[PDB]
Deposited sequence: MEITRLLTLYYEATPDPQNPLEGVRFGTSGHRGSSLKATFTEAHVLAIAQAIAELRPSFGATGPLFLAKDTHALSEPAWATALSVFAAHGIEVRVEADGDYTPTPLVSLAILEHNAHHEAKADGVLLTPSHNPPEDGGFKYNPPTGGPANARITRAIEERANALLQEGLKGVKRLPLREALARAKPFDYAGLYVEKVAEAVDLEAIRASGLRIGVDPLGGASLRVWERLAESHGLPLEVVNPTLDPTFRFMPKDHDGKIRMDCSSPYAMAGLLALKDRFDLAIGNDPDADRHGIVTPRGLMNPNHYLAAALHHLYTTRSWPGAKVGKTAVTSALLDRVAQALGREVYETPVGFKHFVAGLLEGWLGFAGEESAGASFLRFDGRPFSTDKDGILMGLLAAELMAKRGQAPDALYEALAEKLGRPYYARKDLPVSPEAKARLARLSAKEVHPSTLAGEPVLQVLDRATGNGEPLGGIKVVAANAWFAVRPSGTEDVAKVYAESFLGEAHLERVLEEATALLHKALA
C-alpha cells in the first residue's frame, strides 16, 4: 500500500481550501508536493493546467505545447490530467513518441528549435518533482526554460482562484479523446541530431575510451541508448548519480536523476563533488569554445572556484540568486556561455554561440565529461585537481539552523546593513550583500565575502530554518571558523 496508495491519494485526496499551505505554490521549481500530504493531487494538476491554458496566450505561446513526464510515480496521473485539459482547450499537445518518458532538457531543446523557425511560439509542461516520491508540475515558456517569477506568480494566482471556486471553471476531456488528439513527437530524435552541435561527438567516438551511463531508472534511458547507437559512441548503457559507483570499471561513468536535468560523474577515484565537476567542465569549455563576449553564470551559493577559473581565463562572472531561471535569458541571448548551480545542474551554449538548452541538461553535462577526457587526455577529476592546485582548493559546507517561527520572519527582513562584521575568520570583509552582483536582484538572505572565504544565509521556503552555506580556500579548520562566526552572527541579528 505504498505506490498504490500514493496514486489512489492523488485522485482521492484534495487540498484544504482554507489551508494556504496545501494550495498551489508555484515557485522556482514549479509546484511540488505529494498526495500523501494532499499537496500534489488531481485537484492541483487540474487547476495549474487550466490556468496555463488560459494564460498561455498572454505569455506569448500560441503554437504547440510540449508535454513530458519523468519516471516519478505521481507524474503518470499528472500527465493524464494535464493532457486532458489542454486538449480540451484546442491547444496542439505534443507527447513522447519513443517511450513514455522525456528528460527535461529534451523539452527545452524542442521548444527552442521550434520558436527559432516558427511564428506561433511553443512552450512546455514537465511533470516532474525535480525527488523522494512526490509529484511536480513545471512550466517552461517560449524561452524554453524555467518560467520567471512574473509567469509563475500569474499561474499560481489563477490556479488558486480556480481551486478556490471549486474547479467549476476547469475544462477537461476524457483521457481517451485527449490521447487521440495528442501529436507524437520524437524528442530524442531531435536531441541525438542537434547535440552534435554542442559537443564534439567525433572526438568521443574515436577516443578509445570506455564510457558507462546509468540512467538510474530515470527518463534518460531511450535518449542515451539512441545517442550510443546513432553516433557509434563508446558508451555502455547499463541500467545526481547516487551509487553509480557500483562499478568504477569504466574510464568514466555518467549518472542522471529522474528528469535528467542533473548529473553525477564517476571515475575510478569515485563520485565527483558536483561543484568540482562544474569547475573542471567550465575550464574545458572556455578553453575550446569561441564564445566572444560570453560570461560565466552561477548562483550566489555556487562555488567560488568557478569565479577563480573565470578570472584566470579572462572571463567575467554573472552571479544571480538561486534558481536556474535567472540564467535563461542569458543563455537564450548568448551572453552566458556556461551557467551552473551547486546543485549539480548546468548547461552551456553550442559552438555556434547559440543556445542548446535553456534549462539544466544532465545529458549534455555527461557527454561533456566524455568530450573533456577525450580532447584533453585527462580525466575530469584530475582536471579539477590541476585547478585546485593552481587557483586554490575549495572546502564547502552547509548547515541548517532551526529557528523560531518568529525569527524566521525576522530573517526575511534582514538586510546587508544589519550584518556588517569587519572580519570573517581572520580576513577583512570585502563585501556584504543582499543583492546578486550580476542582475542586482534581491537574493533572499545575505552573503558575506572575503578574499579566500565567504558565507551566505537564506530562509528555507518550506520549514522554519535558516539555510547557511559556507566555503573557504584555506582548509577545514578555517571553514569551521567561518561556519561558527556565520552561526554566531546569524543568531545575534535574529535576536
Revision key, fill the gap. Gaps relative to the deposited sequence fall at 131 to 132, 242 to 268
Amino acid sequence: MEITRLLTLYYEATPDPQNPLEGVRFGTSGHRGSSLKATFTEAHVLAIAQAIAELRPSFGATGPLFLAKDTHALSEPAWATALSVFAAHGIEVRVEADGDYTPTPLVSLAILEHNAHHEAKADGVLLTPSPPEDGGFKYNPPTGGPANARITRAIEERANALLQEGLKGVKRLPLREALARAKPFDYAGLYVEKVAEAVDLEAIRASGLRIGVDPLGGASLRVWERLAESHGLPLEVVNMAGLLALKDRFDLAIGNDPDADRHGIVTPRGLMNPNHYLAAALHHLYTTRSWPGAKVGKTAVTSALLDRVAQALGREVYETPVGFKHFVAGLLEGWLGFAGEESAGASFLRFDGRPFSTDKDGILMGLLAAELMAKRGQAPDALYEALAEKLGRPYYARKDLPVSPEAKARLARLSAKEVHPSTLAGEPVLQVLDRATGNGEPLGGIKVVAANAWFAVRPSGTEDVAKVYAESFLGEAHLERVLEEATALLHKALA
From here on, numbers count along this sequence of modelled residues.
Exercise for review: Name the higher of the two by mean Cα B-factor in the PDB entry, 285 to 293 versus 149 to 157.
Suggested key: 285 to 293
Study note, to complete from the structure: Mean B factor on CA atoms, stretches 113 to 121 and 276 to 284, record says higher is 113 to 121
Review point. At the C-alpha atoms, which of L367, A412, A304, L106 reaches the highest B-factor in this entry?
Key: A412
Study note, to complete from the structure: The largest CA temperature factor among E42, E54, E441, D70 is found at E441
Revision key, fill the gap. Temperature factor at the Cα of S35, chain-ranked in thirds, falls in the lowest
Revision key, fill the gap. Sorting the chain's modelled residues by C-alpha B-factor and splitting them into thirds places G461 in the highest
Review point. Considering only modelled residues of the same chain, in which third does the CA B-factor of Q50 rank: lowest, middle or highest?
Key: lowest
Study note, to complete from the structure: Quick tally, chain-level thirds of C-alpha B-factors: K375 sits in the middle
Exercise for review: Tell me, lowest, middle or highest third: where does the Cα B factor of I363 rank within its chain?
Suggested key: middle
